[PDB]
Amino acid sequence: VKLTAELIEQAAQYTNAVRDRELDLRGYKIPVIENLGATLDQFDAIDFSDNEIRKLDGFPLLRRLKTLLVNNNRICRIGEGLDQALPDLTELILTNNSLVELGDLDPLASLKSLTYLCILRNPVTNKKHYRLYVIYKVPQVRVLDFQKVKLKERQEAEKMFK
């Protein structure tokens, strides 16, 4: 069940609860993110929850995409050119995925508008200094794992890793 143009065209399309245009791509068992061209850059949000995607990569240039819900997939790596295809990405929800090393979260530093980030229920979470590492390497984030990035944490992350 390839993510195909035909698949996207019959997919529930609606205005979500936070007033954004969202496309519903839940529970299709998609393994690879591809063929997004067919959405025609018409969505503010794309819901990819409960699928089998391994890597957050493969996006076309999508100027309107601001929210990516990627819950319960198998994300173990993040693509390197994400800001070049998603310039205004502001919210990224990665709860319950497979990111294991702090260094695998490095590609998120290039998403200049990224403000809401959630990486809960990922092995990487239990790594020593996981929170400070994210704060220093992705300073554009204001809310991390539903907790406010505070000044004291920023300073503390400036010492360690300076």
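Don't overthink the numbering: it's just position in the shown sequence, from 1.
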**Asked** Higher mean Cα B-factor in the deposited model: 59-67 or 113-121?
**Response** 59-67
**Asked** Do the CA atoms of 33-41 or those of 89-97 have the higher mean B-factor in the entry?
**Response** 33-41
**Asked** Among the chain's modelled residues, which third holds the C-alpha B-factor of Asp20?
**Response** middle
**Request:** Among all modelled residues of this chain, ranked by Cα B factor, put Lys148 in the bottom, middle or top third, i.e. lowest, middle or highest.
**Result:** lowest
**Asked** So where's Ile78 on the chain's Cα temperature factor ranking, which third?
**Response** middle
**Asked** Sorting the chain's CA B-factors, does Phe48 end up in the lowest, middle or highest third?
**Response** lowest
